[PDB]
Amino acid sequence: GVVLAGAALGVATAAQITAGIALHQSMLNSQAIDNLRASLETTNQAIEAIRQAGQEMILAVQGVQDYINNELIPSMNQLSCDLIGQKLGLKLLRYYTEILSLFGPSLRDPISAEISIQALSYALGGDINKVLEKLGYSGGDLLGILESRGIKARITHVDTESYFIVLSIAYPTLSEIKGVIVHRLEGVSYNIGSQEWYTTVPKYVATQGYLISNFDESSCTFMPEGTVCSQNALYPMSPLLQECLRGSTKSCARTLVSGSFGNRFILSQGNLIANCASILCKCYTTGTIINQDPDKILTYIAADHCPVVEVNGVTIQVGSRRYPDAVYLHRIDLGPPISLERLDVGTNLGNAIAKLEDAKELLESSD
């Protein structure tokens, strides 16, 4: 059991406190350092598993050794001594540039920093596959590949006497959260007159019991059997946008299509949902065009009326009906038109606040 001297240290985040305790538990013993220092001195490989019986294996990596061993040593009696030093000097400066970039002042908090194995690539000789193979990763299936690339390292010791950096890594494994479902959303444009609109919804959302949540897909991979994320992906969603996804069409915002056109049709549940005001829709089976009622905004095409439909020049056979026949626009409450560009958000917000400060003075005068 150890205790943190909090009055002495005065201030620290939870991330720094927990990494500091972890630093005490995972750092090499003071004489394990002396053993490692002597083992490192006597090796000459680019990567080497240092086994001292009793203590755990330590993986040692030397970032320019492959170049020295493969390119410089075989030239030892064919190139001059000055040239050999000049050749190695270029490698050392480029390697120092990487050490500086990764471990230099751009590294804010060395105690709680977690460095991804891929960011260490140049420090480890320009490639990480042999490191991962020495740790047991075969490269035989994509999941093990994703896990191997999710490895993060913490710094546990910096030796200024012998110039080496000891890092501690941990192995990622998958933790399935069975109550969370990730959903990919996809929209098609619809027409009001000659204006082409679409509903603004997130590309990915998550359901979790009572909750609908936002989903950050940055750190995720959509494998065939599940979404694999190396970091937390869930984050809160405003009640209003949750209400939109729960069926309140008036809560969903909308905007006009960018450029010339939007996504104007989609295949879903074996049916074609299509903005047939914006593209030519045609029944291939009968040869007859499919007109969009001008007081409807979309067409829901299924095999009950057209087994094989042509849509913007592509011919698609469809299945039995899974979406009702389009309803009149007048039976659909559309939500507010918006822009997501940040200057538009700021300019319209400034206007709204001014209109509200005006409105806030009159209902005092009249009441």
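Residue positions are given as counts along the sequence shown, with the first one as 1.
Asker: On mean C-alpha B-factor from the PDB entry, just flag whether 287 to 295 or 230 to 238 is the higher one.
Answerer: Higher of the two, by average CA B-factor, is 287 to 295.
Asker: If you average the Cα B factors in the entry, which is higher, 207 to 215 or 80 to 88?
Answerer: Between 80 to 88 and 207 to 215, it is 80 to 88.
Asker: Checking the entry, which one of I117, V166, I177, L135 has the top C-alpha B factor?
Answerer: Of the candidates given, the C-alpha B-factor peaks at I177.
Asker: Have a look at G247, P224, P202, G125 and flag the one whose Cα has the highest B-factor in the entry.
Answerer: Spelled out: the listed residue with the top C-alpha B-factor is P224.
Asker: Would the CA B-factor of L107 place it in the lowest, middle or highest third of its chain?
Answerer: Top third by C-alpha B-factor.
Asker: Taking the entry's C-alpha B-factors for this chain, is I181 in the lowest, middle or highest third?
Answerer: Its C-alpha B-factor, which the entry lists for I181, ranks in the lowest third among residues of this chain.
Asker: Ranking the modelled residues of this chain by C-alpha B-factor as given in the entry, is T347 in the lowest, middle or highest third?
Answerer: Lowest third - that is where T347 ends up once the chain's C-alpha B-factors are sorted.
Asker: When the modelled residues of the chain are sorted by Cα temperature factor, does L356 land in the lowest, middle or highest third?
Answerer: Within its chain, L356 is a highest-third residue by C-alpha B-factor, going by the deposited values.
Asker: Using the temperature factors of the C-alpha atoms in this entry, rank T255 within its chain: lowest, middle or highest third.
Answerer: As the PDB entry reports it, the C-alpha B-factor of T255 lands in the lowest third of its chain.
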